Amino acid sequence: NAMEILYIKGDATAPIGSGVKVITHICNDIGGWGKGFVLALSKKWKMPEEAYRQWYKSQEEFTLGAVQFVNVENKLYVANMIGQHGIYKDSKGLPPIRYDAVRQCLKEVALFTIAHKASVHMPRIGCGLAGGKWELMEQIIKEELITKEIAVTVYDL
């Protein structure tokens, strides 16, 4: 019980603190990169977007629950986590967010972060158009990261 999610004001593309850092965000499964946090990423680094777009074309494990890790600076990675289905709600009004997919992604982030002695930095992942409910998303993050003593910072903006 040593760790707790930290919430601060700011921009997850400008992560706080020291050591190796992984910026985690939720991507869709159709290769779309044009709305929300991805725009903040691409302002600062071309690599996450380009890696993701190449991944979409490769169709090599481009599936819900999969994660691509890209280096953007000395000691800084971005995790492109495929955690939402499509961009818009489906025919029965189900929002794109897939909580099970996000959890699977976070299991892979946990292993990566442990191996690299890293901390996690994120926006309020899933909130907004993906239709995620923070009270649920937060619980998944606590279970998959915080309980293993991986620091997590959520950036409000």
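Note that residue numbering begins at 1 and tracks the sequence as displayed.
For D90, the recorded CA temperature factor ranks within the highest third of the chain's modelled residues. Among all modelled residues in this chain, the alpha-carbon of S42 has a temperature factor (C-alpha) in the middle third. Ranked by Cα temperature factor within the chain, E49 sits in the lowest third according to the deposited record. Sort the modelled residues of the chain by CA B factor and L129 lands in the highest third. Looking at the C-alpha B-factors along this chain, the one for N74 belongs to the highest third.
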